[PDB]
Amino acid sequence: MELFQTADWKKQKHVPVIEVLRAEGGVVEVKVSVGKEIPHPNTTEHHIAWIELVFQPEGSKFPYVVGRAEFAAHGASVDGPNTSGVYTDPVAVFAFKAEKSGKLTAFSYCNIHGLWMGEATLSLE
């Protein structure tokens, strides 16, 4: 009974996609988004709420949470749902220092379609 669903991100729009933008000299930038190939809805009633990034350096006994991004605006206003003109898209950039290569894991949440995860390898050298 696994809560964190996984799939091919080219076929399933809910999967968080991890992209290593740079990993030069211990300086790391990692972009994570939901709906890269197929866009996910972002309305007052249906949206991605957050992405969390976890990094486990090779040989490390435990993983470390790198950070978490909340996407809080989804068009709600006093004029009703989907009227504010403000919608936060589910994409986040995490910049961090690291001394070793390791494993990246991302988790994301859709308010109606449950929890999701994805993985990538971080190579420094």
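Numbers for residues come from their place in the sequence shown, where the first is 1.
Note on 78 to 86 vs 47 to 55: mean CA B-factor is higher in 78 to 86. The mean Cα B-factor in the deposited entry runs higher for 19 to 27 than for the other of 110 to 118 and 19 to 27.
Annotation for residue 39: C-alpha temperature factor in the highest third relative to the rest of the modelled chain, per the entry. Residue 97: CA B factor in the middle third of modelled residues in this chain (values from the PDB entry).
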